[PDB]
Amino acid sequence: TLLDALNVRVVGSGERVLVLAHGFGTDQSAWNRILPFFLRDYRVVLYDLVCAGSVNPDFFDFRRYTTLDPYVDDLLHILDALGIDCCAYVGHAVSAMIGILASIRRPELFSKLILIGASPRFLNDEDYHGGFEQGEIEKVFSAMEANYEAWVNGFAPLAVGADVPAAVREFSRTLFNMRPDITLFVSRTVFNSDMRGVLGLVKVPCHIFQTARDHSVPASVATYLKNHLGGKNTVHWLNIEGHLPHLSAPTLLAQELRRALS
């Protein structure tokens, strides 16, 4: 029933497992345009985080999903249920972190992690530039709660960054699918987490995919990850603007994935 609730799907003609894990505001459909590049060499595993608008909101238990741990639990449950003993993992934003944490708990499960638009911490402090001040973040939450639609319309073009209208709409609609309720709660969960202290525990190689002008991830956060993740790290400086390259420049992003995977 968890595989059903989280919309777990296994496609492709290959034998090597590749899992694609969406970030906040989207669901697994965000990979639709990447997918074709991997169907013939891989067994591709996709799923939706509980907070995706495509998952029954009855399954979003506010007394459970207060931190990333249960998200990790869900991932690890999927992989065990599918009988996966080793895979390559691609995670966008929050799913980058979920991947990190999963790898630490089950290092045998991952051959490689690929992180797209990852950050261990959004908030600035003494010696760390995360991109956001405590004030800023709060004004986001009050904008979201006051008028959810107005917020989506102002946030989506910024998240996409580049002028790709089709992408803005697609991101808009998956944000709109989410119950405003949950979007608020999940955002709190994320903007307030500090993953910095875990990075050194990672031992699996990580490829850090970083776009130009990512509104939620400064260029230095990519370097920081490269410097702190405890395994062998490669940074991929994408010639793409925005935080959602899988929606905005899918052919370009797929080519880099293919390269990172070899």
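Numbering starts at 1 and runs along the sequence shown.
Of the two segments, 26-34 and 61-69, the one listed with the higher mean B-factor is 61-69 (C-alpha atoms only). Here 185-193 and 136-144 are compared by their mean Cα B-factor, and 136-144 comes out higher.
Reading the B-factor column for the CA atoms of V198, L39, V55, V45 in the entry, the top value corresponds to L39. Among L101, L115, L75, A166, the highest C-alpha B-factor in the deposited entry belongs to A166.
Per-chain ranking of the deposited C-alpha B factor places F110 in the lowest third. Per the PDB record, residue ranking by Cα B-factor puts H129 in the highest third of the chain. Residue-level temperature factors show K232 in the middle third of its chain, judged at the C-alpha atom.
Placement of the Cα temperature factor of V160 within the chain: middle third of the modelled residues, per the deposited record. The entry lists a Cα temperature factor for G154 that places it in the highest third of the chain's modelled residues.
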